[PDB]
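Here's the structure, in structure tokens; my notes come after.
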Amino acid sequence: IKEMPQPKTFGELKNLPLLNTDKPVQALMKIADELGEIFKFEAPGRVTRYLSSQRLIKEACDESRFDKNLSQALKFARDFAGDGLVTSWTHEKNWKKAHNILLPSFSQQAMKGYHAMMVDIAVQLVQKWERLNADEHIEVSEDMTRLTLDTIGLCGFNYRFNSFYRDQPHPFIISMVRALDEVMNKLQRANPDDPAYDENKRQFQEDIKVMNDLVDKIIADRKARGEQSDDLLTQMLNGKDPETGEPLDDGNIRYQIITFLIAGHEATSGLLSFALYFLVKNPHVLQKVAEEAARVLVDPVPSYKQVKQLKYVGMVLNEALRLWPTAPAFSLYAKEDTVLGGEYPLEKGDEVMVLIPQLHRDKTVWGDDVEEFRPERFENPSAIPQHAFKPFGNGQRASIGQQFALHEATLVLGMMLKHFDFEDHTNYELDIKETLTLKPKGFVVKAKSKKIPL
Ligand code: HEM
């Protein structure tokens, strides 16, 4: 019925140079603001459409019709993350395998086990902060990465990164980032396969080794342990497939460790920053949360029962996830020829790309008060129409990490607010940094301790 809009083009460079910025996802957000609920984005060799309406995304999330696609980002990350859970097709052997063997360690009862371990890390950060001098401050995104990377480490593989013991960032993180930059960077390189890009290839290739250096070291610390863990490394190593009958390959085992080491802390870092960013800008909300935290968290350290009982802290996080989904995009492909919206024709295997932040700012569904931070939006959570809100993605290919991140971050956001008054001491104008995921760049706060003992 209708042709699909398309932003400015540059001859054979098609759209590519529109996203020649350090802030792509946000440029994509502007174009979606100019062009509307869907638009064609062509780059040499790839074409993909970006959806922003709950109308369209509604259909796209329908699995009978669309399956998960590897966006050009994931097809590049396959270089280090192989065919782990995140970067593999539903149709590959190791997905459904990996899926059944690992899903168990993510039930809200596996949570129960992970709690003490989360607390371990949560106290480490709380103490880091009680121990700062006046005139010292808190570099927020840096600290959250410390925490969330210590947790996926300690819980996932029983491995202390001892992130707090360090003021120079961790030898694994450094490389991880260059990697997750070379990825974010090959994208905007029209012919990504020739050199000049051989200096970069080698830089990439020298980071993969460094990661695998650590993956090798983690396999080795499990060996010299009086191994006991229920932890997901144990699961991977010894588990078998109900569906199939076999255990996972060793090369696949490596890929998943990297996958869980990256996905594990990356997304949940941002969401905390963003959460805490919003609390310092919306001090009414802050005092509401302050209140809940002190009322519920009565024992010196929180028990699992208590964290599930932080109902409003859950809403603030969802609302932070609403405005700034830290994993802001996912792709899907036309299983069959079809017509999205009764309006837009697509052919088999045509790629489309849910643009979460714009889906999360869709008036016909949320209200006209979209840019505003109001958690109360989450009270009757029946309210959200089907597929209005998707920080965690869709159907069978959604974040297996949902319960976990959310438990984690509830617990941590819980404790900070029990323990500290906060001051945006510089009047931080928001600066979103984009690796694959989003997070506040240079967010800094002071923290007046409320002298409550742990
Ligand atoms: C609040 C934090 C998190 C956010 C916002 C988030 C977001 C997402 C999104 C959007 C996807 C789907 C991408 C796609 O369809 O291509 C995904 C998948 C995935 N996430 Fe998360 N995630 C979070 C936390 C975690 C955590 C803590 C873990 C580790 C336990 C994790 C592990 C994974 C894995 C393994 C997948 C691939 C699942 C599959 O395809 O079978 N995530 N996540």
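Residue numbering restarts at 1 for every chain of the structure tokens, chains are lettered A, B, ... in their displayed order, and ligands are numbered from 1 as they appear.
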- request: Show me which residues sit within 6 Å of ligand 1 when counting only C-alpha atoms and all ligand atoms, and put them as an NGL selection string.
  value: :A and (68 or 85-86 or 260 or 263-264 or 267-268 or 271 or 325-327 or 330-331 or 391-393 or 397-402 or 404-405)
field: Residue set, stretch 214-405 of chain A restricted to helix (DSSP H, G or I), as a ChimeraX atom specification
entry: /A:214-223,232-238,250-281,283-296,304-308,311-323,356-359,363-366,375-378,395-397,402-405
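Of note, atom CA of residue A:425 and atom CA of residue A:137 are spaced 8.9 Å apart.
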Distance criterion (only C-alpha atoms): nearest to residue A:450 out of A:208, A:280, A:411, A:294: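 Result for the nearest residue to residue A:450: A:294.
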message: Ranking A:58, A:146, A:40, A:217 by minimum distance to residue A:389 and counting only C-alpha atoms, which one comes first?
response: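 That would be A:58, the residue with the smallest distance to residue A:389.
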Residue among A:163, A:358, A:449, A:364 lying closest to residue A:55, counting only C-alpha atoms: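 Of the candidates, the smallest distance to residue A:55 is held by A:364.
With atom CA of residue A:63 on one side and atom CA of residue A:395 on the other, the separation reads 7.2 Å.
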task: Pick out the residues sitting within 10 Å of residue A:87, and hand them over as a list in words; count only C-alpha atoms, and ignore anything fewer than 5 positions along from it in its own chain.
output: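 Residues near the query, excluding close chain neighbours: residues 68, 69, 70, 71, 73, 74, 75, 76, 77, 78, 79, 80, 81, 82, 95, 255, 256 and 259 of chain A.
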query: Counting only C-alpha atoms, what is within 12 Å of residue A:136, bar same-chain residues fewer than 2 positions away, as a PyMOL selection string?
result: chain A and resi 128-134+138-139+425+444-448
File of the preceding selection, N, CA and C atoms, as a PDB file, in the first residue's frame:
ATOM      1  N   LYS A 128      33.019   0.930  49.819  1.00  0.00           N
ATOM      2  CA  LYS A 128      33.910   1.743  49.020  1.00  0.00           C
ATOM      3  C   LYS A 128      33.470   3.187  49.278  1.00  0.00           C
ATOM      4  N   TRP A 129      32.151   3.382  49.306  1.00  0.00           N
ATOM      5  CA  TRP A 129      31.554   4.701  49.332  1.00  0.00           C
ATOM      6  C   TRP A 129      31.564   5.328  50.697  1.00  0.00           C
ATOM      7  N   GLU A 130      31.385   4.522  51.736  1.00  0.00           N
ATOM      8  CA  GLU A 130      31.399   5.021  53.113  1.00  0.00           C
ATOM      9  C   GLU A 130      32.810   5.442  53.477  1.00  0.00           C
ATOM     10  N   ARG A 131      33.753   4.994  52.663  1.00  0.00           N
ATOM     11  CA  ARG A 131      35.137   5.167  52.976  1.00  0.00           C
ATOM     12  C   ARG A 131      35.762   6.307  52.205  1.00  0.00           C
ATOM     13  N   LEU A 132      35.010   6.930  51.302  1.00  0.00           N
ATOM     14  CA  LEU A 132      35.537   8.094  50.577  1.00  0.00           C
ATOM     15  C   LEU A 132      35.654   9.309  51.483  1.00  0.00           C
ATOM     16  N   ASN A 133      36.653  10.153  51.245  1.00  0.00           N
ATOM     17  CA  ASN A 133      36.760  11.448  51.934  1.00  0.00           C
ATOM     18  C   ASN A 133      35.769  12.545  51.435  1.00  0.00           C
ATOM     19  N   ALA A 134      35.578  13.616  52.218  1.00  0.00           N
ATOM     20  CA  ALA A 134      34.778  14.745  51.719  1.00  0.00           C
ATOM     21  C   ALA A 134      35.563  15.378  50.591  1.00  0.00           C
ATOM     22  N   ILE A 138      31.910  10.255  43.512  1.00  0.00           N
ATOM     23  CA  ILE A 138      31.594   8.957  42.979  1.00  0.00           C
ATOM     24  C   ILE A 138      31.506   9.060  41.474  1.00  0.00           C
ATOM     25  N   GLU A 139      32.378   8.352  40.774  1.00  0.00           N
ATOM     26  CA  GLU A 139      32.239   8.230  39.345  1.00  0.00           C
ATOM     27  C   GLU A 139      31.248   7.113  39.081  1.00  0.00           C
ATOM     28  N   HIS A 425      26.496  17.155  42.388  1.00  0.00           N
ATOM     29  CA  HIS A 425      27.312  18.281  42.813  1.00  0.00           C
ATOM     30  C   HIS A 425      27.811  19.139  41.660  1.00  0.00           C
ATOM     31  N   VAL A 444      28.677  12.144  37.694  1.00  0.00           N
ATOM     32  CA  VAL A 444      29.402  12.194  38.974  1.00  0.00           C
ATOM     33  C   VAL A 444      28.513  12.722  40.098  1.00  0.00           C
ATOM     34  N   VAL A 445      28.551  12.083  41.260  1.00  0.00           N
ATOM     35  CA  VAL A 445      27.748  12.549  42.383  1.00  0.00           C
ATOM     36  C   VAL A 445      28.528  12.641  43.686  1.00  0.00           C
ATOM     37  N   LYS A 446      28.080  13.435  44.629  1.00  0.00           N
ATOM     38  CA  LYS A 446      28.556  13.193  45.967  1.00  0.00           C
ATOM     39  C   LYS A 446      27.552  12.266  46.687  1.00  0.00           C
ATOM     40  N   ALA A 447      27.953  11.732  47.845  1.00  0.00           N
ATOM     41  CA  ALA A 447      27.137  10.808  48.638  1.00  0.00           C
ATOM     42  C   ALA A 447      27.321  11.108  50.110  1.00  0.00           C
ATOM     43  N   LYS A 448      26.337  11.741  50.747  1.00  0.00           N
ATOM     44  CA  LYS A 448      26.427  11.880  52.205  1.00  0.00           C
ATOM     45  C   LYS A 448      25.972  10.594  52.895  1.00  0.00           C
TER      46      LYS A 448
END
message: Applying 12 Å and only C-alpha atoms, which residues near residue A:192 remain after dropping the ones on its own chain fewer than 6 positions away? List them as a count of residues only.
response: 13
- prompt: Which polymer residues have any atom within 8 Å of an atom of residue A:300, counting only C-alpha atoms, with same-chain residues fewer than 2 positions away left out, as a list in words?
  reply: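 In the requested format, the answer is residues 297, 298, 302, 453 and 454 of chain A.
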- request: Pick out the closest residue to residue A:452 from this set: A:418, A:281, A:377, A:360. Count only C-alpha atoms.
  value: A:418
Determine, for each residue of stretch 196-262 of chain A having at least one atom at most 9 Å from an atom of stretch 164-178 of chain A, the closest pair of atoms and their separation in Å to one decimal, counting only C-alpha atoms; order by chain and ascending number, as a Markdown table.
| residue | atom | partner | partner_atom | distance |
| --- | --- | --- | --- | --- |
| A:203 | CA | A:178 | CA | 8.2 |
| A:204 | CA | A:178 | CA | 7.2 |
| A:206 | CA | A:175 | CA | 8.4 |
| A:207 | CA | A:175 | CA | 5.1 |
| A:208 | CA | A:175 | CA | 7.8 |
| A:210 | CA | A:172 | CA | 6.8 |
| A:211 | CA | A:172 | CA | 6.0 |
| A:213 | CA | A:172 | CA | 8.8 |
| A:214 | CA | A:172 | CA | 7.1 |
| A:262 | CA | A:176 | CA | 7.7 |
Convert the current residue selection to file output with N, CA, C and O atoms, as a tab-separated table (two decimals), in the first residue's frame.
chain	number	residue	atom	x	y	z
A	203	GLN	N	44.51	-5.52	16.06
A	203	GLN	CA	44.18	-4.92	17.36
A	203	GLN	C	43.03	-5.71	17.96
A	203	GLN	O	43.09	-6.16	19.11
A	204	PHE	N	42.00	-5.89	17.16
A	204	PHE	CA	40.89	-6.79	17.48
A	204	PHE	C	41.41	-8.19	17.85
A	204	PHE	O	41.15	-8.71	18.93
A	206	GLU	N	44.24	-9.16	18.81
A	206	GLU	CA	45.03	-9.17	20.05
A	206	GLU	C	44.17	-8.96	21.27
A	206	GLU	O	44.65	-9.16	22.38
A	207	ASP	N	42.93	-8.54	21.08
A	207	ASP	CA	42.02	-8.45	22.22
A	207	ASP	C	41.28	-9.74	22.45
A	207	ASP	O	41.06	-10.14	23.60
A	208	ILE	N	40.89	-10.41	21.38
A	208	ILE	CA	40.31	-11.73	21.50
A	208	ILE	C	41.22	-12.63	22.33
A	208	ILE	O	40.74	-13.30	23.22
A	210	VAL	N	43.49	-11.84	24.62
A	210	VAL	CA	43.44	-11.38	26.00
A	210	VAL	C	42.20	-11.86	26.70
A	210	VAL	O	42.31	-12.32	27.83
A	211	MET	N	41.03	-11.77	26.06
A	211	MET	CA	39.81	-12.32	26.67
A	211	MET	C	39.99	-13.84	26.92
A	211	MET	O	39.92	-14.33	28.06
A	213	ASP	N	42.57	-15.44	27.13
A	213	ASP	CA	43.55	-15.56	28.22
A	213	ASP	C	42.86	-15.71	29.58
A	213	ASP	O	43.22	-16.59	30.36
A	214	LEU	N	41.89	-14.83	29.85
A	214	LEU	CA	41.08	-14.95	31.04
A	214	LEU	C	40.13	-16.15	31.03
A	214	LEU	O	40.05	-16.86	32.03
A	262	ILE	N	30.47	-10.65	29.08
A	262	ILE	CA	30.08	-9.39	28.43
A	262	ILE	C	28.64	-8.99	28.72
A	262	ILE	O	28.40	-7.91	29.28
Can you pull out the residues contacting residue A:261? Cut-off 9 Å, using only C-alpha atoms, and skip same-chain residues under 6 positions away; I want them as a CSV table (one decimal) with N, CA, C and O atoms, in the first residue's frame.
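The resulting file, result15.csv, is reproduced below:
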chain,number,residue,atom,x,y,z
A,149,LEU,N,30.2,-6.4,37.0
A,149,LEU,CA,31.2,-7.3,36.6
A,149,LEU,C,31.8,-8.3,37.6
A,149,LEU,O,32.1,-9.4,37.3
A,152,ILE,N,28.8,-11.1,37.9
A,152,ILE,CA,28.6,-12.1,36.9
A,152,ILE,C,29.8,-13.0,37.0
A,152,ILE,O,29.7,-14.2,36.8
A,153,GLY,N,31.0,-12.4,37.5
A,153,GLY,CA,32.2,-13.2,37.8
A,153,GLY,C,32.0,-14.2,38.9
A,153,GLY,O,32.1,-15.4,38.8
A,156,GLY,N,28.6,-16.4,38.3
A,156,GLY,CA,28.5,-17.1,37.1
A,156,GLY,C,29.6,-18.2,37.1
A,156,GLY,O,29.3,-19.4,36.9
What are the closest atom pairs, with distances in Å to one decimal, for each residue of stretch 305-399 of chain A lying within 10 Å of stretch 18-38 of chain A, using only C-alpha atoms, rows by chain and rising residue number, as a tab-separated table?
residue	atom	partner	partner_atom	distance
A:328	CA	A:25	CA	7.5
A:329	CA	A:25	CA	8.2
A:344	CA	A:38	CA	9.4
A:352	CA	A:38	CA	9.5
A:353	CA	A:38	CA	9.6
A:354	CA	A:38	CA	9.6
A:355	CA	A:29	CA	7.9
A:356	CA	A:29	CA	9.6
A:357	CA	A:29	CA	7.6
A:358	CA	A:29	CA	6.6
A:359	CA	A:37	CA	8.9
A:362	CA	A:37	CA	9.2
